[PDB]
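See structure below.
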RNA sequence: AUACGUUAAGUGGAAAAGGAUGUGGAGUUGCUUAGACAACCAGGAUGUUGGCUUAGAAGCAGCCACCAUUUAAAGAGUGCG
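Chains as they are written, first to last, in the entry's author numbering: chain H, 4 to 126; chain M, 1 to 138; chain f, 2 to 37; chain I, 8 to 140; chain G, 2 to 176.
Set out below in structure tokens:
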């Protein structure tokens, strides 16, 4: 179970310095659809963005216990968490929204995440 | 195919097997080895049938071990000859076998391949046998 | 086929006793077998 | 979508292209001028080209670099590598020379970084048995 | 991790009698059924929820307990949604058409084929290819589906006669 | 007859090598409510069939150095092709 702690402690370090994030459903997650997003990360930055689909209520929600206490509602069903390190927010909220509109994975109608104390409506 | 270069006597008594093996019960020259559960005669041809079965499946690997060299002849009177009128002749050779004895040994071989080579030998040998490994207390 | 020592031939094969007689069944018809 | 290795300098006869893309509804006469256009910069080489197939019989093509590790034979200076790599280290290449090779493969490579583009080529140089120095 | 412990909701309207010993006369708009039950099983009716419980962990009881729930779920659905099984005829001259309640089948045998459905079952023929056997009883609809299949065993070399939709008959290469 | 069990084939009331999710006990061990075996919905690697080859055969003539990256994940390959 020691390996599971590495899954937990490391991601929390990002969330403590995290700026913005967005809901992404895992359904019909084609590998080609992922690469189109991964290339966008290469423009915005490098490895700093995180895809980690460790979205168990027993997993990521425990990380949310410290900060971002709005994940409890988003927790049921498939999720694909994203985290920012530096990068002033702008396109990150917009780029994923453009992808789902052109087929490729349900957006979940954007359940939303931390920005202030709100949920829905990407800007 | 293994036969003695010489023997002191052309023929010998068949004997009476009983009890635990006098020795060689514990494998150590090889990482793994077949161990008989009972005791029965084994003709020289049966031994050759086992080693040939292993050399093909093993491919490249360590040398096959043979702890048992046959020494006791089995008498074979010619067919339709009437009883008595002298003892017959040794058609071949048979090693003495005792329960718990290590019939064969193998070493330097991977764990998966080792399970099979011991198994194919078990079919050629009429005696029931079981998988065995080296002990190191030790 | 019917042999006293029925054995699996491939991973798809499955051992299932039926009516007191063990039978191995597989997606490939050739691998179908019954003991006794 | 049917990939093909159409030569850069020529595009017209049926046996290389022809029916194989002609059954796709592609208008062969209208695209052959295009193959000779952008590929003219690298004439004399066999350039692979992806071919997406739109329902409206519109088409857009993407040219690619000549195949990998062929360049490694040139940097090594030897026409052919060992049939027994590592066991027979016939050739050696400096790490800086590899940098010149990886940059050429960038449009073809999906590698995220130039440092990662190095590591991709390193797995190809070992196939030739060439030492990385 | 287990079968019969799971609850079974009744969407409705499906009443369930608890007459001994033990007969379960499920009732509703589509039909009625009375599955046999040996006394060792214990059926109970929570509000709009059928329930089943095991008397003991013994291996014989472990087998019977998982069957009783699966049957009752098959029963309620047939009293509601019902059931049907498609049959894809394949060939050239093959065709089928009803003649009264009887289902004539123009199978490639020179002899005409006819099959009579049992009461509570009907067989519409929307198309010459497809065949649909509607019925409230899964044990019976699957039996009739087998009896229709009996008329023509499928040929591995070529798609012919009865074939489940969908199912891949093994390919064979002739010469 | 009493008490603890076992057996389901008529074994009991006929043998063997060998074969088997038969069943009753005992022991060891992997994983496991920071998540198990079943699933049902997700995706399958990137350069690449990659070296040496056989007309060409790209997960696969077969012999292998069988590499490193994209990473929630995948062998330059488990398999039916």
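Every residue, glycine too, gets a C-beta built ideally from N, C-alpha and C.
> Considering only C-alpha positions, which residue in the set 14/I, 136/I, 62/I and 51/I is nearest to residue 31/I?
Replying inline: By one-based count along the fourth chain, residue 31/I stands at place 24. Closest option to residue 31/I, Cα to Cα, is 62/I.
> Mind checking if residue 126/H is an interface residue toward chain I, Cβ cutoff 8 Å exclusive?
Replying inline: On the first chain, residue 126/H is found 123 positions in, with the first residue counted as 1. The C-beta of residue 126/H comes no closer than 8 Å to any C-beta of chain I.
> What separation, rounded to the nearest whole angstrom, lies between the Cα atoms of residue 6/f and residue 49/M?
Replying inline: The residue you call residue 6/f lines up with position 5 of the third chain. The residue you call residue 49/M lines up with position 49 of the second chain. Cα to Cα, residue 6/f sits roughly 21 Å from residue 49/M.
>> Just to make sure I have the definition right: I need the residues of chain I whose C-beta is within less than 8 Å of the C-beta of residue 69/H. Which are they?
In response: By one-based count along the first chain, residue 69/H stands at place 66. In chain order: nothing, as chain I lies at least about 31 Å away.
> Of the residues 10/M, 33/M and 5/M, which one's Cα is nearest the Cα of residue 111/M?
Replying inline: Here residue 111/M refers to the residue found at position 111 of the second chain. Closest in C-alpha terms to residue 111/M, from the list 10/M, 33/M and 5/M, comes 33/M.
>> Per DSSP, what are the beta-bridge partners of residue 88/G in this structure?
In response: One-based indexing of the fifth chain puts residue 88/G at position 87. According to DSSP, which records beta bridges pairwise, residue 88/G is partnered with 165/G.
>> Pairs of beta-carbons, one from the stretch 92 to 103 of chain G and one from the stretch 66 to 82 of chain G, closer than 8 Å: are there three or more?
In response: no
> Can you name the residues of chain I whose CB is closer than 9 Å to the CB of residue 45/H?
Replying inline: Here residue 45/H refers to the residue found at position 42 of the first chain. Simply 119 and 120.
> Going by DSSP, what residues sit across from residue 24/f in a beta bridge?
Replying inline: Taking the first residue of the third chain as 1, we reach residue 24/f at position 23. Paired residue(s): 17/f and 35/f.
>> Per the DSSP calculation, residue 69/H is bridged to which residue(s)?
In response: One-based indexing of the first chain puts residue 69/H at position 66. Partner(s): none; residue 69/H has no beta bridge.
> Roughly how many angstroms separate the alpha carbons of residue 133/M and residue 119/M, rounded to a whole number?
Replying inline: To locate residue 133/M, count along the second chain from 1; it is residue 133. To locate residue 119/M, count along the second chain from 1; it is residue 119. If you take the alpha carbons of residue 133/M and residue 119/M, they lie about 14 Å apart.
> Among 25/M, 75/M and 115/M, which residue has its Cα nearest to the Cα of residue 9/M?
Replying inline: By one-based count along the second chain, residue 9/M stands at place 9. It is 75/M.
> So what's residue 96/H in DSSP terms, helix, strand or just coil?
Replying inline: Start at 1 with the first residue of the first chain, and residue 96/H comes out as number 93. Here residue 96/H sits in helix by DSSP.
> So the alpha helix (DSSP H) residue 44/M belongs to, where does it begin and stop?
Replying inline: Indexing the second chain from 1 puts residue 44/M at position 44. Start and end: 44 to 58.
>> Please classify residue 4/M as buried or exposed, where buried requires at least 16 other C-beta atoms within 10 Å of its C-beta.
In response: Sequence index remark: in the second chain, residue 4/M carries index 4 (1-based). Exposed is the call here.
> How would you call residue 103/I, buried or exposed, if buried means at least 16 neighbouring beta carbons within 10 angstroms?
Replying inline: In the fourth chain, residue 103/I corresponds to position 96, counting from 1. Looking at its Cβ environment, which holds fewer than 16 other Cβ atoms inside 10 Å, residue 103/I is exposed.
> How many Å lie between residue 45/I and residue 74/I at the Cα?
Replying inline: Start at 1 with the first residue of the fourth chain, and residue 45/I comes out as number 38. Start at 1 with the first residue of the fourth chain, and residue 74/I comes out as number 67. Residue 45/I and residue 74/I: Cα-Cα distance of roughly 18 Å.
> By Cβ distance, which residues of its chain are closer than 7 Å to residue 22/G, with the 5 residues on each side in sequence left out?
Replying inline: As a working note, residue 22/G is residue 21 in the fifth chain. Counting only Cβ-Cβ distances below 7 Å, and skipping sequence neighbours, we find 40.
>> If I follow the unbroken alpha helix (DSSP H) through residue 150/G, where does it start and stop?
In response: On the fifth chain, residue 150/G is found 149 positions in, with the first residue counted as 1. Its alpha helix (DSSP H) spans residues 139 to 151.
> Which of the three DSSP states, helix, strand or coil, is assigned to residue 127/G?
Replying inline: Here the question's residue 127/G lines up with position 126 in the fifth chain. Here DSSP, grouped into helix, strand and coil, assigns residue 127/G to coil.
>> Below 8 Å on the Cβ atoms is my contact criterion, and I expect residue 81/H with residue 29/H to pass it. Report the Cβ-Cβ distance as a whole number of Å.
In response: Here residue 81/H corresponds to residue number 78 of the first chain, with the count starting at 1. Here residue 29/H corresponds to residue number 26 of the first chain, with the count starting at 1. Their Cβ separation, rounded to whole angstroms, is 4 Å, which keeps residue 81/H and residue 29/H in contact under 8 Å.
> What's the C-alpha gap between residue 87/M and residue 94/M?
Replying inline: On the second chain, residue 87/M is found 87 positions in, with the first residue counted as 1. On the second chain, residue 94/M is found 94 positions in, with the first residue counted as 1. Approximately 18 Å between the Cα atoms of the pair.
> Which ranges does the beta strand (DSSP E) cover as unbroken runs of at least 3 residues, wholly within the stretch 17 to 82 of chain G, from first to last along the chain?
Replying inline: The qualifying runs are 24 to 27, 34 to 37, 43 to 47 and 50 to 54.
> Run through DSSP, which three-state label would residue 86/H get?
Replying inline: Here residue 86/H is taken as the residue at index 83 of the first chain, counted from 1. Residue state, collapsed to three classes: strand.
> My guess is that residue 163/G and residue 145/G are in contact by the Cβ rule of under 8 Å, so how many angstroms apart are they, rounded?
Replying inline: In the fifth chain, the residue the question calls residue 163/G occupies position 162. In the fifth chain, the residue the question calls residue 145/G occupies position 144. Not really, about 12 Å apart at Cβ, beyond 8 Å.
> Out of 28/M, 17/M and 18/M, which has the shortest C-alpha to C-alpha gap to residue 137/M?
Replying inline: Residue numbering aside, residue 137/M sits at position 137 when the second chain is read from its first letter. For residue 137/M, the nearest C-alpha among the options comes from 28/M.
>> Let me check you understand the geometry: is the CB of residue 76/H closer than 7 Å to at least one non-hydrogen atom of the ligand GDP?
In response: Absent from the structure shown: the ligand GDP. Ligands present: none.
> Just how far apart, CA to CA, sit residue 156/G and residue 107/G?
Replying inline: Translated into the one-based positions of the fifth chain, residue 156/G becomes position 155. Translated into the one-based positions of the fifth chain, residue 107/G becomes position 106. Straight-line Cα distance between these residues: approximately 17 Å.
>> DSSP three-state label for residue 21/I, please.
In response: Numbered from its first residue, the fourth chain carries residue 21/I at position 14. Correct three-state label for residue 21/I: coil.
>> Among the candidates 110/G, 96/G, 86/G and 125/G, whose CA atom is the shortest distance from the CA of residue 102/G?
In response: The residue labelled residue 102/G in the question sits at position 101 within the fifth chain. The residue with the shortest Cα to Cα distance from residue 102/G is 125/G.
>> I'd like the span of the alpha helix (DSSP H) that includes residue 7/H, first residue to last.
In response: To locate residue 7/H, count along the first chain from 1; it is residue 4. 5 to 19 is the span of the alpha helix (DSSP H), which, as asked, contains residue 7/H.
> What's the gap between the Cα of residue 13/f and the Cα of residue 14/G?
Replying inline: Within the third chain, residue 13/f is the residue found at index 12, counting from 1. Within the fifth chain, residue 14/G is the residue found at index 13, counting from 1. Distance between the alpha carbons of residue 13/f and residue 14/G is about 44 Å.
>> Please state whether the Cβ-Cβ distance between residue 53/M and residue 97/M is less than 8 Å.
In response: Position 53 of the second chain, counting from 1, holds the residue named residue 53/M. Position 97 of the second chain, counting from 1, holds the residue named residue 97/M. No, these two residues do not count as a Cβ contact at 8 Å.
> What do you get for residue 69/I, buried or exposed, if any count of 16 or more other CB atoms within 10 angstroms of its CB means buried?
Replying inline: For the purposes of this step, residue 69/I is taken as the residue at position 62 of the fourth chain. Exposed, by the Cβ-count rule.
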